[PDB]
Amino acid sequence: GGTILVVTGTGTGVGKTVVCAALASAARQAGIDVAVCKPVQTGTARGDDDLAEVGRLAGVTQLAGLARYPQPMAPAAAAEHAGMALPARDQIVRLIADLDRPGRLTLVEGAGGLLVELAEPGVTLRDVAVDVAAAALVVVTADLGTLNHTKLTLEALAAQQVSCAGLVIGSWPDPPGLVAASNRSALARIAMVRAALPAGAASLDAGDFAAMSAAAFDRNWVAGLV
């Protein structure tokens, strides 16, 4: 196959989607073919659509999903509200495995943090990563609490031998400030910080997003992903 990375996070709304876009954009600019899978999208009544964000910010066209729940809740509660079950583990795993091919960077986004339920019954993004042998990129904050959440997420990955490909600070404040500066230095002590996306990047137009994306990651690390 090619390279598969789940893009998880220490929590909800930490920047997972804008980080998928940013890495997709840098990979494409490096001449790598990119696909992005978001198996379960919720909050569609208010128009949440993470694949649309990736398609618009980074230009990706191979964008796969399996389910769309209208309520703005976590996948299991939204599915409980709708009275319609989440997809099954095999559905999600085979979708990603069908996307993966040599020369392709395939990114997978779940919902919220690493352990929220993505498929019936109780299967997580960590389970999916195991079944498709993906490594994990962990999107973090630089705010109070991040080191604990980062360490807890990194331990949960190592507990099932899911490799950690790096950290990304999904939203880097301007100018950093005292906590954010201390938090970035300490995260850098426990894993490589691949990038720190400036705050508000997800509202850039595609041209600005691409230039920002190619400057945010290290040219060689992106080139070597596939």
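Note that the rigid core is defined as the largest set of C-alphas that superpose within 1.5 Å between two forms. Position 1 is the first residue in the sequence shown; the rest follow in order.
Comparing the two stretches 65-73 and 23-31 by root mean square C-alpha distance in 9 other deposited structures of this protein, with all structures fitted on the core, the more displaced one is 65-73. Taking the root mean square of CA deviations in 9 other deposited structures of this protein after fitting on the rigid core, 126-134 and 112-120 differ, and the farther of the two is 112-120.
Note on 187-195 vs 170-178: mean CA B-factor is higher in 170-178.
Annotation for 96-104 versus 134-142: the higher mean temperature factor (C-alpha) is found in 96-104. Of the residues listed, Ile32, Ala35, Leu51, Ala165, the entry assigns the biggest Cα temperature factor to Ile32. Among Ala24, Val18, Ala211, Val14, the highest C-alpha B-factor recorded in the PDB entry belongs to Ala211.
In the PDB entry, a CA B factor belonging to the middle third of its chain's modelled residues is recorded for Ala74. For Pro121, the recorded CA temperature factor ranks within the highest third of the chain's modelled residues.
Looking at the C-alpha B-factors along this chain, the one for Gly55 belongs to the middle third. Residue-level temperature factors show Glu109 in the lowest third of its chain, judged at the C-alpha atom.
Sort the chain's modelled residues by C-alpha temperature factor and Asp127 lands in the middle third, per the entry.
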